[PDB]
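Novice: These protein sequence lines are chains Q, U, d, K and T, in that order. When we follow the entry's author numbering, the leftmost residue of the first sequence carries the number 6, and every step to the right adds one. When we follow the entry's author numbering, the leftmost residue of the second sequence carries the number 16, and every step to the right adds one. When we follow the entry's author numbering, the leftmost residue of the third sequence carries the number 4, and every step to the right adds one. When we follow the entry's author numbering, the leftmost residue of the fourth sequence carries the number 1, and every step to the right adds one. When we follow the entry's author numbering, the leftmost residue of the fifth sequence carries the number 4, and every step to the right adds one. The beta-carbon is built from N, C-alpha and C at its ideal position, and this holds for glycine as well. Sharing a structure, written as structure tokens. Questions coming.
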Amino acid sequence: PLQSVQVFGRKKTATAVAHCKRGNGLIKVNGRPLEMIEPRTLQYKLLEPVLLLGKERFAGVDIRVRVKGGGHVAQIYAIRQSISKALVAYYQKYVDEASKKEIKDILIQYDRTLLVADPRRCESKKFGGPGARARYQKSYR
Amino acid sequence: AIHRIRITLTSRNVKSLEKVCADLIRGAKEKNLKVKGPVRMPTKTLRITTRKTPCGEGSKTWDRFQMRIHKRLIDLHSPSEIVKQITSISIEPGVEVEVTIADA
Amino acid sequence: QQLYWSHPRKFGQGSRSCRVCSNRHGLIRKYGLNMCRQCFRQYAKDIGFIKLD
Amino acid sequence: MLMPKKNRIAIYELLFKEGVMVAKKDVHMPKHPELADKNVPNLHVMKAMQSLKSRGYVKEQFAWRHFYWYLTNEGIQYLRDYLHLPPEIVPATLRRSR
Amino acid sequence: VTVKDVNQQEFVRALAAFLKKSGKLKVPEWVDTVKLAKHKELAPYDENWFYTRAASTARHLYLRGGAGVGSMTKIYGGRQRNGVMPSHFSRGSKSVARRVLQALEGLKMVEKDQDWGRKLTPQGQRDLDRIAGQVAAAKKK
RNA sequence: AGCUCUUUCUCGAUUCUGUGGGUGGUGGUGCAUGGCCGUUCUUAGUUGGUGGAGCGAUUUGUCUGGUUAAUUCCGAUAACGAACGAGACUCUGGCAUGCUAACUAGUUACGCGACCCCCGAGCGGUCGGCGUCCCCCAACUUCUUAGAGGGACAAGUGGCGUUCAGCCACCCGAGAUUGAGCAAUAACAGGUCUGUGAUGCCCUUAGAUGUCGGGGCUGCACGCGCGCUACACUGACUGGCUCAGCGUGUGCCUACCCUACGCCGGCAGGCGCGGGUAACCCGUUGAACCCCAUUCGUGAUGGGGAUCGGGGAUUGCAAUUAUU
């Protein structure tokens, strides 16, 4: 069995779990390579962590991710967060602290939230409008 | 003997429910059949929405009442006394209880 | 005896009321409670429907 | 209210033996669950009971469209007479307790 | 390539054509006339399309434990323009999908699965994997 | 409808007929009334004790100033110390590789063989590989769950301000304000008798103003309000990528459920099954926008889907005045 961590990522609705364990190293999402992904325009968003921190690194490790929930963009943000958090969680138990800090540095610097979950979430709609802040219509008389 | 037994409890106000469950759990193992301790089931929110009048002209105002059902089960294996005993204390408010033989 | 005196009552507004008050209008049929809204307002505490938010 | 001389007896006789009666406020089910040597629902039973009450003899409570009928003392004597029955009668009270 | 390896559009595009060459699939004589969904505006521009759906379905089943026509009608089902009313789902035809399911069986790509729903067969599983490779092989680009 | 009538059987003292008297009413009055409710108002409003100030009703407290979402606070002030609304309070939802746990929830990871494909490598045995299925005397609680736990106090720091109350920037990090629910003093001819077996009086009450057959409510030169759908190339289209969440169900106060899956039909739908009091099943809600490979090409055209005609089917005993 081998050195291994689990992590997760969370946007909007749609959590993404990462299992990051020692491997040859080559980075699959649900069950397909991180090279498919599509929405696609976004696709770099999910490459983003790897480039930020040098493509090598992932050579002592196998990476797999599953997302359920949210929707199409929602999912992308979650998986990318799960992957970067993953890599850092892994350097924290197996490698050394200075490396992981170096990585949090590069992410956090340029960032996108990679290691921290955005709070923002639905506000409830209130009777008298079909939205939360939207109020219906009035004519007076 | 030993019989495989399932106790379901469904009811409402929490702190009472929780300490009925506590008690079944603690006396269960305490003299250790060892449970399969309280499986908290997702609490159920019955929702009703109405206009506050009975009867209407008036800012349209809305009221929503809930009724919150809470479920639990606990798994005992034994027999005779500790069955009817462990069910029947554990008794009083506000608490539906069902005990089921086994398999089907 | 009076074959005369009824037409279908199986379904529709006319097939039901308030177990409380006869009213065939504004009837709460959810969860099998079958109370008219005006009544349900007055009995929601004794049924176990409580205000929380 | 209206009715038979047989159905009336069924009502009076059961009432005298039970001491209580219930009928949902419906004039259509024609028949009611429990007793009912069948013939009626509120009506014959409601009307007979309603008449019995107006002259005293029975006290009626409406709540929730059921109408719960409670036999009174003066009424016990009255049904005693209608049934003609054995003095000491002894209807839906007899009793023990504690 | 697992079929999972190839992009959905190219995979389906390649397989659908392969089916066309094979020449033996079978085809409710209609297919000229049919819309494919009540929701549908016009039938399919590629009157040739019967093959594409078949490929799409074969791929669709291979992915998952077992699926049936109702699911497909909905999958194919798009949004239908109520006109005055707001738009709503309308699961797409059941004859086409069924015929597709029956026809595929003839080739053995799929077989009745246990507990309802058609499942891919090992014969099909093998067949899809084989074309999947051919597509991967073609080129880079 | 034996309702009425002819004909002459039937029930059997219930009823009829008379008097006195009830009973219902979706009958009237909310401008006769309870309750409930809107509104002023989620505004910052409200009051007592005790004292001071006045013959007295009363007044100060409860304010020039600053500050606050808020009569929130500070300060000053003949007041001091409190309560009411606001707030605190409760509810919901995010930060917890912490907590205690889970076969009516999942995950890891086996044991994993098999299905088993060869997808690549290998001639193949064999290796790496995505899923389904096996289920197990596997392991777990990370995702999931629901309970208890902690976190925010504008905490530290730096400008500003009576150097105060506060304000602003900055860090950790969920950042001071996530979003509701709870509403006083006192009012209104606000609304409601059609929610009420709440209700007065009134009105009616056998030739009913208490039920069935049938229609209106749905009658169209015209105005108004809430909405919906639109005016297109950020689009309309066809193939194809593809993910969810709050909620819901039958075995029911008296007739009846949610429905996966096979078949037939272009559709609409028809038909045969089988599970499910449900965290088990429908439903990894495989949604839709959207994304995309094509077509169209700026033409009220393929934007738009009105109106009408014919026709298929579903609900119901009955749809004609289209239920759809």
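With 16 other CB atoms within 10 Å as the buried threshold, where does residue 57(U) fall?
Specialist: Indexing the second sequence from 1 puts residue 57(U) at position 42. That one is exposed.
Novice: Who are the neighbours of residue 52(d) on chain U, taking C-beta pairs under 8 Å?
Specialist: Translated into the one-based positions of the third sequence, residue 52(d) becomes position 49. Per Cβ cutoff of 8 Å: 61, 63, 80, 81, 82.
Novice: For residue 62(K), count neighbouring C-beta atoms within 10 Å of its own C-beta (all shown protein chains included) and say buried if the count is 16 or more, exposed if not.
Specialist: Start at 1 with the first residue of the fourth sequence, and residue 62(K) comes out as number 62. Burial call: exposed.
Novice: At the level of alpha carbons, what is the spacing between residue 95(T) and residue 22(U)?
Specialist: For the purposes of this step, residue 95(T) is taken as the residue at position 92 of the fifth sequence. For the purposes of this step, residue 22(U) is taken as the residue at position 7 of the second sequence. Their backbone Cα atoms lie some 46 Å apart in a straight line.
Novice: Kindly give me the distance between the Cβ atoms of residue 29(U) and residue 85(U), rounded to whole angstroms, as I take these residues to be in contact under 8 Å.
Specialist: If you number the second sequence from 1, residue 29(U) lands on position 14. If you number the second sequence from 1, residue 85(U) lands on position 70. The pair is a contact, with the Cβ atoms about 7 Å apart (cut-off 8 Å).
Novice: How big is the Cα-Cα spacing for residue 123(T) and residue 41(T)?
Specialist: Locating residue 123(T) in the fifth sequence gives position 120, counting from the first residue. Locating residue 41(T) in the fifth sequence gives position 38, counting from the first residue. Rounded to whole angstroms, residue 123(T) to residue 41(T) spans 28 Å at the Cα level.
Novice: Looking only at C-alpha atoms, which of 28(Q), 31(Q), 24(Q), 80(Q) sits nearest to residue 48(Q)?
Specialist: Taking the first residue of the first sequence as 1, we reach residue 48(Q) at position 43. Checked all of 28(Q), 31(Q), 24(Q), 80(Q); the closest Cα to residue 48(Q) is 80(Q).
Novice: Which residues in chain d have a C-beta closer than 9 Å to the C-beta of residue 100(K)? List them in chain order.
Specialist: Because chain K here runs from 1 to 98, residue 100(K) falls outside it and cannot be looked at.
Novice: Measuring CA to CA, which of 138(Q), 146(Q), 66(Q), 127(Q) is closest to residue 18(Q)?
Specialist: Numbered from 1 along the first sequence, position 13 holds the residue referred to as residue 18(Q). Among 138(Q), 146(Q), 66(Q), 127(Q), the Cα nearest to that of residue 18(Q) belongs to 127(Q).
Novice: Go through the segment 94–124 of chain T residue by residue and report every complete run of the beta strand (DSSP E) that reaches 3 residues or more, in order.
Specialist: 113–115, 121–123
Novice: Report the three-state DSSP secondary structure of residue 129(Q) (helix, strand or coil).
Specialist: Residue mapping note: residue 129(Q) aligns to position 124 of the first sequence, counting from 1. Correct three-state label for residue 129(Q): coil.
Novice: On the DSSP letters alone, give me the boundaries of the alpha helix (DSSP H) that residue 103(U) sits inside.
Specialist: Translated into the one-based positions of the second sequence, residue 103(U) becomes position 88. Secondary structure note for residue 103(U): its alpha helix (DSSP H) is the uninterrupted segment 95–103.
Novice: What is the residue span of the beta strand (DSSP E) that residue 45(K) lies within?
Specialist: Mapped onto the fourth sequence, residue 45(K) falls at position 45. That residue, residue 45(K), is in no beta strand (DSSP E); its alpha helix (DSSP H) goes 45–54.
Novice: Look up residue 38(Q) in the DSSP assignment and say whether it is helix, strand or coil.
Specialist: Within the first sequence, residue 38(Q) is the residue found at index 33, counting from 1. It is a strand residue.
Novice: What is the DSSP secondary structure of residue 108(Q), reduced to helix, strand or coil?
Specialist: Within the first sequence, numbered from 1, the residue matching residue 108(Q) stands at position 103. It is helical.
Novice: Tell me whether residue 111(U) sits in a helix, a strand or coil according to DSSP, three-state version.
Specialist: In the second sequence, counting from the first residue as 1, residue 111(U) sits at position 96. Here residue 111(U) sits in strand by DSSP.
Novice: Is the CB of residue 115(T) under 8 Å away from at least one CB in chain Q?
Specialist: As a position in the fifth sequence, residue 115(T) is number 112, starting the count at 1. Taking Cβ atoms only, chain Q never reaches closer than 8 Å to residue 115(T), which makes this a no.
Novice: On the criterion of 16 or more Cβ atoms from any shown chain inside 10 Å, does residue 21(d) qualify as buried, or is it exposed?
Specialist: If you number the third sequence from 1, residue 21(d) lands on position 18. Buried, by the Cβ-count rule.
Novice: Quick one: does residue 94(U) have its CB under 8 Å from some CB of chain d?
Specialist: Position 79 of the second sequence, counted from the start, is the residue given in the question as residue 94(U). Cβ-Cβ to chain d under 8 Å: no for residue 94(U).
Novice: Would you call residue 55(K) buried or exposed, if buried means 16 or more other Cβ atoms sit within 10 Å of its Cβ?
Specialist: Position 55 of the fourth sequence holds residue 55(K). It counts as exposed.
Novice: Going by C-alpha to C-alpha distance, which of 68(T), 84(T), 17(T), 133(T) sits closest to residue 117(T)?
Specialist: Counted from its first residue, the fifth sequence places residue 117(T) at position 114. Residue 68(T) is the option with its Cα nearest to residue 117(T).
Novice: Can you give me, in chain order, the residues of the segment 65–90 of chain Q that have a beta carbon less than 7 Å from any beta carbon in chain T?
Specialist: none
Novice: Can you name the start and end residues of the beta strand (DSSP E) that residue 14(Q) belongs to?
Specialist: As a position in the first sequence, residue 14(Q) is number 9, starting the count at 1. Residue 14(Q) -> beta strand (DSSP E) spans 9–15.
Novice: Does any CB atom of chain T fall closer than 8 Å to the CB of residue 36(Q)?
Specialist: The count along the first sequence starts at 1 and reaches residue 36(Q) at position 31. Interface residue (Cβ-Cβ distance to chain T less than 8 Å): residue 36(Q) is classified as such.
Novice: Is the distance from the Cβ of residue 8(Q) to the Cβ of residue 96(Q) below 8 Å?
Specialist: Start at 1 with the first residue of the first sequence, and residue 8(Q) comes out as number 3. Start at 1 with the first residue of the first sequence, and residue 96(Q) comes out as number 91. Taking 8 Å as the Cβ cut-off, residue 8(Q) and residue 96(Q) do not qualify as a contacting pair.
Novice: Is the Cβ of residue 133(Q) closer than 8 Å to any Cβ of chain U?
Specialist: Here the question's residue 133(Q) lines up with position 128 in the first sequence. So yes, residue 133(Q) belongs to the interface.
Novice: Could you compute how far the alpha carbon of residue 139(Q) sits from the alpha carbon of residue 48(U)?
Specialist: Counted from its first residue, the first sequence places residue 139(Q) at position 134. Counted from its first residue, the second sequence places residue 48(U) at position 33. Taking the straight line joining both Cα atoms gives about 58 Å.
Novice: Distance check for residue 71(K) and residue 53(K), CA to CA, integer angstroms please.
Specialist: Here residue 53(K) is taken as the residue at index 53 of the fourth sequence, counted from 1. Here residue 71(K) is taken as the residue at index 71 of the fourth sequence, counted from 1. Looking at the two C-alpha atoms, the distance is approximately 9 Å.
Novice: Which residue marks the beginning of the beta strand (DSSP E) containing residue 147(Q), and which one marks its end?
Specialist: Outside the shown range of chain Q, which is 6 to 146, sits residue 147(Q), and nothing can be said about it.
Novice: Please name the residues in the segment 94–118 of chain U whose beta-carbon is closer than 9 Å to at least one beta-carbon of chain d, in chain order.
Specialist: Look at the segment 94–118 of chain U: it has no residue with a C-beta under 9 Å from a C-beta of chain d.
Novice: Helix, strand or coil: which one does DSSP assign to residue 20(d)?
Specialist: The residue you call residue 20(d) lines up with position 17 of the third sequence. Here residue 20(d) sits in coil by DSSP.
Novice: Does DSSP put residue 29(K) in a helix, a strand or coil?
Specialist: Residue 29(K) sits at position 29 when you count from the first residue of the fourth sequence. The answer is coil: DSSP assigns residue 29(K) none of H, G, I, E or B.
Novice: Terminal residues of the continuous alpha helix (DSSP H) containing residue 9(T)?
Specialist: As a working mapping, residue 9(T) is identified with position 6 in the fifth sequence. In this chain, residue 9(T) is not harboured by any alpha helix (DSSP H), its DSSP state being neither H nor E.
Novice: Residue 62(T): which of 140(T), 133(T), 144(T) sits nearest, CA to CA?
Specialist: Taking the fifth sequence and counting its residues from 1, one reaches residue 62(T) at position 59. Cα-wise, what sits closest to residue 62(T) is 133(T).
Novice: Using only alpha-carbon positions, find the residue among 34(K), 86(K), 22(K) that is nearest to residue 50(K).
Specialist: Walking along the fourth sequence from the start, residue 50(K) turns up at place 50. Of the listed residues, the one whose Cα sits closest to residue 50(K) is 22(K).
Novice: Out of curiosity, what's the CA-to-CA distance linking residue 80(U) and residue 19(d)?
Specialist: Position 65 of the second sequence, counted from the start, is the residue given in the question as residue 80(U). Position 16 of the third sequence, counted from the start, is the residue given in the question as residue 19(d). Distance between the alpha carbons of residue 80(U) and residue 19(d) is about 23 Å.
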